[PDB]
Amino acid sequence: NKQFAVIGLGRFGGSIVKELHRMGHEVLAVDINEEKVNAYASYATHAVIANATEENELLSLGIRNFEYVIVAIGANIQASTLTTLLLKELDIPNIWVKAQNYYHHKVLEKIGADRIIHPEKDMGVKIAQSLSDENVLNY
């Protein structure tokens, strides 16, 4: 497995790990909290305990070898920004990051994030789309 890596196994991160597994994809799952890493042992090709803000730990992880790395760190803008900053130095092809708010988003754009995710807002758009389909698509 060297295509998908998810850092931060909260509701958002853990959910992509699981869905990837369900779809038969191998995934590197990482978190600083062991209780979180263990909760995703059955869904990860490899579940490691590591501080994503530490360079050496990012090398002991081989994160440089992944095409897509999702930073799903939650209510910790600093760990989130620091992490995306490091792996952007490792010139990772695709770095996706969950943003906490407008400020976070603003630094993430210039810091290296290729895609920025706002769960709340983004799901609101998809829900709007589903509602529209109920009617329009005569669904």
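For every residue, the number given is its place in the sequence shown, counted from 1. So that the term is clear: the rigid core is the largest set of C-alpha atoms that superpose within 1.5 Å between two forms.
In 5 other deposited structures of this protein, rigid core aligned: more displaced of 127-135 and 14-22 by C-alpha RMS: Per-stretch check in 5 other deposited structures of this protein: the more divergent one is 127-135.
Of 83-91 and 96-104, the one with larger mean CA B-factor: Comparing averages over the C-alpha atoms only gives 83-91.
Between 43-51 and 74-82 (mean CA B-factor, as deposited), the higher: Looking at the record's C-alpha B-factors, the answer is 43-51.
Among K18, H25, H118, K126 - the residue whose C-alpha B-factor is largest in the record: Answer for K18, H25, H118, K126: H25, with the highest C-alpha B-factor.
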